[PDB]
Each structure stands twice: as C-alpha cells, then as structure tokens.
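All remarks here apply to the structure that follows.
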Amino acid sequence: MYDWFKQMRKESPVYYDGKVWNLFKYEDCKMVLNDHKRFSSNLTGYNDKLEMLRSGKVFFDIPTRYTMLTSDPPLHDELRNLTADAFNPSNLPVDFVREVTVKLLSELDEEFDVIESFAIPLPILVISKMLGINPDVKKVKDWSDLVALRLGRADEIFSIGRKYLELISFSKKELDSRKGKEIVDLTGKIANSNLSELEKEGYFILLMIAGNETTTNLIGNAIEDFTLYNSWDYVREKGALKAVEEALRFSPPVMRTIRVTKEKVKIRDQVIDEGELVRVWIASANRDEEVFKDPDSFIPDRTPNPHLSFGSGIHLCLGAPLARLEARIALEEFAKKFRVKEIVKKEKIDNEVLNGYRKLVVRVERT
Ligand code: HEM
Ligand SMILES: [Cl-]
C-alpha cells in the first residue's frame with residue numbers, strides 16, 4: 001500500500017478513482033480535515049434528521065448512523081462536549097490501566113499471542129471501566145469486530161444481523177439503567193441528555209467500540225515495529241512517549257478517513273464539485289517526504305512527529321489522550337517485564353481501513 005502512496009504522492013496527489021476522490025499529501029490532507037466548513041462529516045443524514053429525531057419521532061435504523069463521528073457543527077460541539085472532558089488526561093483512570101495491564105502480564109508464558117492475550121483485553125477492560133459497565137470481554141470484542149470489520153465495505157456497514165441486535169439491545173438495556181441519574185458512568189451522562197432515543201444508542205456504541213479495536217491495533221503494531229527495528233531498549237530507559245508516537249505514524253490503526261463536500265472546492269489543479277466523497281489517507285500523509293525526514297524509516301525518538309494518525313481538527317480522536325496513555329503503559333510494562341526473542345507468526349486484520357493484527361505470536365523470556 002505504501003509504494004502506491006509514494007507513487008501517488010508524486011504522480012497524482014488529488015486522484016479520482018471510480019467515484020471517490022483521494023488525497024495522499026499531508027498538506028492537502030491536514031487542510032481538508034480542518035476544513036469542516038466545506039469538507040463535511042455529515043455522511044449519515046445525522047444532521048438532516050436532527051429535527052425529526054429530536055421531535056420524538058422514532059424509526060428503525062442502525063444506531064451507528066448517529067454518532068458525533070458523522071456529525072457537523074454545531075451538533076458536533078453538542079455531542080462531543082457532553083463527554084469530552086472525561087477523556088482529558090486529568091480524568092483518565094491511569095491507575096486502573098496500570099493495574100489491569102500489569103495483571104494482564106502477570107503470568108505470560110514463553111510463547112503467547114500478544115493480541116488475544118493482552119492487546120484485546122486492556123482496551124475493552126478500560127473503556128468499559130470509564131463506560132461504567134463490565135460485560136464479557138469476548139462479547140464486547142465480538143461486537144467490535146462486527147462493527148469494525150465491516151468498515152470501508154460500501155453497505156455492509158449499515159446492515160443489521162442477529163448478533164448486531166444483541167449489540168443494540170445491550171446498549172438500550174445499559175442506557176435505561178443510568179437514567180434515574182447520579183451519573184458516574186460515561187454511559188450515565190448519555191442516557192440523561194436531550195439526545196433522541198437512537199442518538200443515545202449511537203453515542204453508546206461509538207465509545208465502547210471506537211475505543212478498543214483501533215487501540216488494540218496500535219499496541220500490536222507497536223510491539224512488532226519495536227521488535228523489527230529494535231526499539232525495546234530505548235523504551236526501557238527513555239520511556240514510550242515518542243516511540244508510541246512513531247508507531248502511530250509508521251503503522252497507523254486507521255489507514256484513512258472520508259468526508260463530503262458542501263461546495264465546489266479546488267485542491268491543487270483538481271476541482272471537486274459539491275456532494276463528493278474525499279478519502280483522506282492518513283497513512284500516506286504520515287509518510288509524506290515533504291514533512292517527515294527519512295519518512296520510511298522507523299525512529300522511536302522521531303520528533304517532531306505531527307502525524308495524522310488520530311486525525312486533526314475538531315474531530316481529532318476524542319480518545320486520543322486515553323489511547324496514548326494505554327499505549328504507553330502497556331509497552332513500558334511489557335518492555336520492562338519481557339525481552340522479545342522473535343516474531344514467530346502473524347495474521348492481519350482482514351480490513352482495508354483498519355491496519356492491525358488479529359493474531360501476533362512472539363517468543364519471549366522474562367527479564
Ligand atoms: C488507539 C488508536 C486510535 C486511533 C488511531 C484513532 C484514530 C482516530 C481517528 C483517525 C479519527 C478520525 C475521525 C475523523 O476525523 O474522521 C478518530 C475519531 C474518533 N476516535 Fe479514535 N482513535 C484511537 C483510539 C480511540 C479511542 C480509544 C477512543 C475512545 C476510547 C476513541 C474515540 C474516538 C471518537 C469519539 C472519535 C470521533 C471524534 C469526533 O468526531 O469528535 N479513539 N479516531
Ligand atoms: Cl446474521
């Protein structure tokens with residue numbers, strides 16, 4: 001995928017495939033992501049039916065159509081601000097994370113799968129913690145793949161199956177709980193808000209899932225990258241702050257984004273009429289020669305590192321501060337306790353916009 005980008009970065013930054021536009025240039029990308037006035041995120045008719053929905057009307061539709069993720073201002077501000085200050089560094093359960101993470105490694109054997117044994121649990125253990133719920137890790141993971149693994153796939157991203165209704169009823173049940181208030185759970189806040197009934201169900205599923213899957217991929221990626229390019233030592237003594245950041249740029253969980261135009265736009269020599277999709281490639285951007293010196297090299301201490309892994313602008317991953325945190329503690333405790341001796345085998349997540357491993361086996365020996 002990267003050779004293509006490098007090529008597209010040179011030959012054609014603003015490319016039009018069959019029906020969607022594509023940007024591979026950092027500059028073009030960043031600008032577009034910060035231009036919510038023209039490049040909108042209203043891709044599910046969320047804003048459109050905000051009046052109809054708030055009027056109390058109720059129609060059947062997958063709750064995932066209505067998340068702040070696909071909403072434009074000012075509705076966005078309204079949805080994001082409700083639980084935005086909960087994900088600020090100061091309000092992060094840094095303790096919980098460290099304790100659940102340390103336990104997570106308490107008995108790791110000589111050859112285990114870091115994904116299904118560490119990468120998957122932590123995210124879900126934590127987001128649910130903040131979420132104020134606590135179900136089956138396998139259950140949540142199932143619901144996550146169900147939602148994520150259908151990303152990018154043109155229509156199977158709005159379709160409802162049986163196991164999906166299980167996700168819907170789950171949210172409805174959990175939600176119904178928290179009302180009566182005395183808020184404590186992030187879920188708590190959600191239920192008791194002016195939001196329409198299904199908006200609540202969308203916001204709920206949005207934090208539970210958008211949390212873990214991408215967060216797990218980041219740690220799986222980091223572990224490989226840190227091994228392939230030998231960065232473990234550096235981690236043990238200097239920390240994981242800058243490294244965690246290199247992982248993001250070099251091996252991003254979210255390979256790209258998409259947006260629609262509200263007016264005619266002209267990015268470079270290419271004009272784009274309104275009502276068109278614009279695939280914003282974060283991965284390509286992260287490797288742009290114009291912005292990163294020796295971009296195709298992995299540098300744990302690489303700085304500056306203005307990657308677009310978490311996005312940019314007003315939709316900048318709301319869980320960004322939490323992920324870096326979870327990322328840092330998992331890798332340092334892992335780096336502290338273990339010493340990777342080799343990457344035995346690995347299976348990639350079958351998805352084109354989610355860069356990650358579903359299984360990553362490693363041989364190790366305790367310090
Ligand atoms: C761990 C690696 C993670 C990555 C790489 C990542 C990446 C991204 C990206 C690229 C976007 C772009 C949204 C848009 O501009 O199109 C986004 C949005 C969002 N992310 Fe993440 N994310 C991660 C973890 C998390 C976590 C852990 C949570 C919550 C626990 C979370 C919550 C959100 C939310 C709510 C949004 C939507 C923000 C809004 O629209 O204002 N993310 N994320
Ligand atoms: Cl089904």
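Letters for chains follow the order of the structure tokens (A, B, ...), residue numbers begin at 1 for each chain, and ligand numbers begin at 1 in the order shown.
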Taking only C-alpha atoms and all ligand atoms into account, which residues are within 7 Å of ligand 2, as an MDAnalysis selection string? chainID A and resid 161:163
List every residue of segment 32-84 of chain A that has an atom at most 10 Å from any atom of segment 198-212 of chain A, and for each one report the closest atom pair and its distance in Å to one decimal, counting only C-alpha atoms, with rows sorted by chain and then by increasing residue number, as CSV.
residue,atom,partner,partner_atom,distance
A:46,CA,A:199,CA,9.0
A:50,CA,A:199,CA,9.4
A:53,CA,A:198,CA,8.3
A:54,CA,A:199,CA,9.3
A:58,CA,A:198,CA,8.0
A:59,CA,A:198,CA,8.8
A:60,CA,A:198,CA,8.8
A:61,CA,A:198,CA,8.3
A:62,CA,A:202,CA,8.1
A:63,CA,A:202,CA,4.4
A:64,CA,A:202,CA,4.8
A:65,CA,A:202,CA,6.9
A:66,CA,A:202,CA,5.3
A:67,CA,A:203,CA,5.3
A:68,CA,A:203,CA,7.3
A:69,CA,A:206,CA,8.2
A:79,CA,A:203,CA,8.2
A:80,CA,A:203,CA,9.5
A:83,CA,A:207,CA,9.8
One-decimal distance in Å that lies between atom CA of residue 236 of chain A and atom CA of residue 335 of chain A: 6.1 Å
Return as a PyMOL selection string every polymer residue, whether protein, DNA or RNA, with at least one atom no more than 8 Å from an atom of ligand 1; count only C-alpha atoms and all ligand atoms. chain A and resi 33+41+67-71+76+80+87+123+127+206-219+248+252-259+282+308-320+322-324+327
From A:342, A:3, A:113, A:48, residue lying nearest residue 359 of chain A [only C-alpha atoms]: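 Using only C-alpha atoms, the shortest distance to residue 359 of chain A belongs to A:113.
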Could you pull out all residues of segment 270-300 of chain A with a DSSP call of strand (DSSP E) and give them as number ranges by chain? A: 270-272, 277-280
Take the residues just selected and output them with C-alpha atoms as a tab-separated table (two decimals), in the first residue's frame.
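What follows is the written file again13.tsv:
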chain	number	residue	atom	x	y	z
A	270	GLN	CA	-8.06	19.37	-9.45
A	271	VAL	CA	-11.53	20.81	-8.88
A	272	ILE	CA	-14.19	18.93	-6.91
A	277	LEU	CA	-16.53	11.82	-1.20
A	278	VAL	CA	-12.94	12.64	-0.26
A	279	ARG	CA	-10.90	9.78	1.04
A	280	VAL	CA	-8.31	11.37	3.35
Counting only C-alpha atoms, what are the residues of segment 113-224 of chain A within 10 Å of segment 89-106 of chain A, and for each of them which pair of atoms is the nearest and at what distance in Å, to one decimal? Sort the table by chain and rising number, as CSV.
residue,atom,partner,partner_atom,distance
A:114,CA,A:105,CA,9.7
A:117,CA,A:104,CA,7.6
A:118,CA,A:104,CA,6.2
A:119,CA,A:104,CA,9.5
A:121,CA,A:104,CA,8.1
A:122,CA,A:101,CA,6.3
A:123,CA,A:97,CA,8.9
A:125,CA,A:100,CA,7.6
A:126,CA,A:97,CA,6.4
A:127,CA,A:93,CA,9.8
A:129,CA,A:96,CA,8.3
A:130,CA,A:93,CA,7.7
Export, as a short mmCIF file (atom, residue, chain, number, x, y, z; two decimals), in the first residue's frame, the selected residues with N, CA and C atoms.
data_model
loop_
_atom_site.label_atom_id
_atom_site.label_comp_id
_atom_site.auth_asym_id
_atom_site.auth_seq_id
_atom_site.Cartn_x
_atom_site.Cartn_y
_atom_site.Cartn_z
N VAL A 114 0.21 -12.03 21.81
CA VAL A 114 0.00 -10.75 22.48
C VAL A 114 -1.35 -10.12 22.12
N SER A 117 -4.22 -12.04 23.99
CA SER A 117 -3.84 -12.18 25.39
C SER A 117 -3.51 -10.89 26.12
N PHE A 118 -3.40 -9.79 25.39
CA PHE A 118 -3.04 -8.53 26.01
C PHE A 118 -3.67 -7.34 25.27
N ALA A 119 -3.38 -7.23 23.97
CA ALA A 119 -3.88 -6.15 23.14
C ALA A 119 -5.40 -5.98 23.13
N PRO A 121 -7.80 -7.38 25.50
CA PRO A 121 -8.35 -7.11 26.84
C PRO A 121 -8.23 -5.67 27.36
N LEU A 122 -7.00 -5.18 27.48
CA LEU A 122 -6.77 -3.83 28.01
C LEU A 122 -7.76 -2.75 27.55
N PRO A 123 -7.84 -2.52 26.23
CA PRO A 123 -8.75 -1.50 25.69
C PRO A 123 -10.17 -1.62 26.20
N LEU A 125 -11.19 -3.55 28.71
CA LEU A 125 -11.25 -3.53 30.16
C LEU A 125 -11.40 -2.08 30.61
N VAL A 126 -10.63 -1.20 29.97
CA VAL A 126 -10.61 0.22 30.29
C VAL A 126 -11.79 1.05 29.79
N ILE A 127 -12.13 0.93 28.51
CA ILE A 127 -13.24 1.74 28.02
C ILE A 127 -14.52 1.40 28.75
N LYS A 129 -14.61 0.38 31.73
CA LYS A 129 -14.42 0.92 33.06
C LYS A 129 -15.00 2.32 33.06
N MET A 130 -14.50 3.16 32.15
CA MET A 130 -14.98 4.54 32.05
C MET A 130 -16.45 4.56 31.66
#
So that I can check the surroundings of residue 132 of chain A, please list as a PyMOL selection string every protein, DNA and RNA residue that reaches within 7 Å of it, counting only C-alpha atoms and ignoring chain neighbours fewer than 5 positions away. chain A and resi 185-187
Atom CA of residue 112 of chain A to atom CA of residue 147 of chain A, distance in Å rounded to a single decimal: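 About the pair atom CA of residue 112 of chain A and atom CA of residue 147 of chain A: they are 26.5 Å apart.
Taking atom CA of residue 244 of chain A and atom CA of residue 321 of chain A as endpoints, the distance between them is 12.1 Å.
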Any chance you could list, as JSON, numbers by chain, the residues in segment 70-231 of chain A that come up alpha helix (DSSP H) when DSSP is run on the backbone? {"A": [75, 76, 77, 78, 79, 80, 81, 82, 83, 84, 94, 95, 96, 97, 98, 99, 100, 101, 102, 103, 104, 105, 114, 121, 122, 123, 124, 125, 126, 127, 128, 129, 130, 131, 137, 138, 139, 140, 141, 142, 143, 144, 145, 146, 147, 148, 162, 163, 164, 165, 166, 167, 168, 169, 170, 171, 172, 173, 174, 175, 176, 177, 178, 186, 187, 188, 189, 190, 191, 197, 198, 199, 200, 201, 202, 203, 204, 205, 206, 207, 208, 209, 210, 211, 212, 213, 214, 215, 216, 217, 218, 219, 220, 221, 222, 223, 224, 225, 226, 227, 228]}
Counting only C-alpha atoms, the option among A:188, A:287, A:273, A:111 closest to residue 339 of chain A: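 Of A:188, A:287, A:273, A:111, the one nearest residue 339 of chain A, counting only C-alpha atoms, is A:111.
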